[PDB]
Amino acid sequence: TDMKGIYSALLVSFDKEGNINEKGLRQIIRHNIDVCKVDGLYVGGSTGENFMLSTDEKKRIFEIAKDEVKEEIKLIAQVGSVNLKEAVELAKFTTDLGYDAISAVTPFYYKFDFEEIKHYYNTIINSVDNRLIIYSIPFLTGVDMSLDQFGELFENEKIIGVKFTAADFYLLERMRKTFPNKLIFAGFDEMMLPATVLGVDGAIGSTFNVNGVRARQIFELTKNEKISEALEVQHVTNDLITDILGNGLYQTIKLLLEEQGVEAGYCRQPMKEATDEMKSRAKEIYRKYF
């Protein structure tokens, strides 16, 4: 399966008790496919509140997404974890479900050296008949890998690409040039335009759950070299992202979906519950950009 394209980092619906709301999750999935019209879904990433869930919950979500999607669009499973045993188990689980590729965040919390990180990735991908995408996001893990390290990881032909969610466009350009045969995904929604001109093969973002159409436009307009128009869409997109971040990122995106009849529900505690003020702000945000 060709993995290039726009992927929404799937959000998950939870009830007030923190339990998964399958009805709501399937509505979020339907929204992304039918309305946002994205090329695929990145399941189990940060946006899905993955690291706040139990292994059983992660697996349940993986099942629901595969089931609801069927074979309509591509699916990437983020199976990374500080627990390498769990990562391998999730890798096998998602591979057996039929996910088109897997992805793994660099092991965090503890301070692993490159030899250990390489062991982590190889152990995961060598345990399954699938393809792996490296997930960096130095912003949250604190793990900043160099070009030569990535080059050593890319040694493995099953490690087909990387999701770069760092603000280093120098390294991004260097990776594009050095690894012309690997896939490079942008993970920073508010910087999609400058990433696309550097040659990324697609994008994976949390805001695509509600802004998938514009996000696709920024990408396609740039590939068509209509930079002026692409910039304008990025400007509008960033006005939206700025308002969302100021009102609480995940809570606001979920409230935007609720406005459209998608029961995205609550966020997992300790992520705060939306106040009446955040709710009112969400409505104004919706009226301004949708």
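Note that residue numbering follows the sequence shown and begins at 1.
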query: Stretch with the greater mean C-alpha B-factor as recorded in the entry, comparing 272-280 against 5-13; finding: 272-280
query: Stretch with the greater mean C-alpha B-factor as recorded in the entry, comparing 110-118 against 149-157; finding: 149-157
query: Per the PDB entry, maximal CA B factor within 60, 223, 30, 254; finding: 223
query: Of the residues 87, 76, 134, 195, the one carrying the largest Cα B-factor as recorded; finding: 134
query: CA B-factor ranking of residue 188, expressed as a third of its chain; finding: highest
query: Ranked against its chain, the third holding the CA B-factor of residue 66; finding: middle
query: CA B-factor placement of residue 263, once the chain's modelled residues are sorted into thirds; finding: highest
query: Third of the chain's Cα B-factor distribution that residue 105 belongs to, per the entry; finding: lowest
query: Among modelled residues of the same chain, the CA temperature factor third for residue 165; finding: highest
